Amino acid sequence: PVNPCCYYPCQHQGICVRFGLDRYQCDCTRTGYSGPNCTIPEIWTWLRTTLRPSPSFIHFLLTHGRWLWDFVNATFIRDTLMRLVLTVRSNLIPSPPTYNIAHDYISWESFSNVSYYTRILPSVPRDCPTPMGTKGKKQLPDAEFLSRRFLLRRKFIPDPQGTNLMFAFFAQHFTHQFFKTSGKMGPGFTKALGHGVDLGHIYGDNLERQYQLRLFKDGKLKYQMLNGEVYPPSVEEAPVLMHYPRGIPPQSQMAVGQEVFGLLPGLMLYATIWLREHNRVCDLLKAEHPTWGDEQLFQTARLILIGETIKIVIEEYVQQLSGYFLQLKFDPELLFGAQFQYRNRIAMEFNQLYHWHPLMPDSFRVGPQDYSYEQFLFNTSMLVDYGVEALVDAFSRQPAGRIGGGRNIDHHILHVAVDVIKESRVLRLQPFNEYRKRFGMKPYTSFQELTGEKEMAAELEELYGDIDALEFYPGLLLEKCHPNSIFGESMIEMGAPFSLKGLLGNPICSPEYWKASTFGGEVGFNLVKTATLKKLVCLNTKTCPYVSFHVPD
């Protein structure tokens, strides 16, 4: 007998549940609806649904009122929209967390075994007719094909939004403090416990590792001078595991906190900037609190970075990304009067979604040079050879690549994408469309409607047979981008919730923590309130190059 939850009867986030041998029941509790499948809008839902516009529309306003916005941006009308923007968006990611690769139902296990990445939607039943549940071919498109066919870059399509590589890496660096999959435990698990902005990619992700990394004096971080400039310490003092290639594990082999941060000048770069910052922070605090120990100086400085980070990510990273005229702003106080749960848990869907590999270029321009992957990948002197100043200047100037539209992933890394489509499958993520509904959108009615064009479209129908079958990852990257955008609609709609739920879900964002004493001194609190990319750099360098999340001119 077909497991009825294979059709996904329940609507509006209603829990599907097997009853007896062949039946089921939807648990529409607090969904806003009622009925066998939750499709009978309570009086208010109906109102809200009849008065609420298309998110397609909002994106319009948010990206047009050249004037209306400068005025809104100059008055409280700002915080208002901010508070709004937040609440709504965030009210989507269930919290406490719901399911995981091992449980398509609430469990005390799912709740506490921090190991399991968490999911928004259950998985597609292991006994469902089709792979995605009901529609499609008994076999999903050969991922390797599906990749080169639609995701493989042909001509480098740069991001119309002006994004730059200086941003490209940061993303990567940053995003790697919570997305750490366990090869050992396999897909669906994560090393990076802590789920979120804890910088456990600077201070490592385990107590030992941190200590092997801590200079246990003045609360600073170990390090080494080369050319007179500060840089992360090598394993020969920082006895900690890494991933540098079998060559010169001694000198030039730097320890950071994030195992794989040596494999690319970019990650190591940032890894430097931060460390060089932390220590910098310490220098500041110690002045204010001589009677202070080491542990303190350290922890307090840590937070100040969790702060600065969460600010910069929002008021600059997410900004540039969004394309809004509305001036995003970080201020935990805006949720102080809401019903918010200060606690995040990384979702596998979030992970899949973040794979913005197409961001990467063709080559890596630097002044007159133009390092090819081979010269870049695993290179191990580029960083010290050129210097942060210069290197940053060299990224903030090279455009990144459109993350959507399709066909924009380089060939060298094209393999990742294939694995994501392969991994997605191990995980059993429901169809793109099922993941549009869950995130407040309408299911596409056809590949034509999906993609802006018709060429790819037709081919994809030929492959998936039915639009509903379409997968998660592919959907996102193949979706028609917004006009002059970096990526389509579904990306933002699905991303932000996860995104902001995690930026503001950080304990430091809670009333409890968000005090000036938590960052000891008013000096700490101001560093967090006034952080900037331009400052994260130039305050920790000899000279101030050009730094921004977008290209100049």
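Residue indices: 1-based, along the sequence shown.
Stretches 291-299 and 179-187 differ in mean C-alpha B factor, with the higher average recorded for 179-187. Once the C-alpha B-factors are averaged per stretch, 453-461 and 437-445 rank with 453-461 first.
Ranking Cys128, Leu478, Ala171, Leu215 by the C-alpha B-factor listed in the PDB entry places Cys128 at the top. Of the candidates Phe340, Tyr324, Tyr105, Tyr223, the PDB record gives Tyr223 the highest C-alpha temperature factor. Sorting the modelled residues of the chain by their CA temperature factor places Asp70 in the highest third.
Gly495 sits in the lowest third of its chain by CA B factor, as recorded in the PDB entry. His59: CA B factor lies in the middle third for its chain, per the PDB record. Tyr386: CA B factor in the highest third of modelled residues in this chain (values from the PDB entry). Annotation for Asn379: CA B-factor lies in the middle third of the chain's modelled residues.
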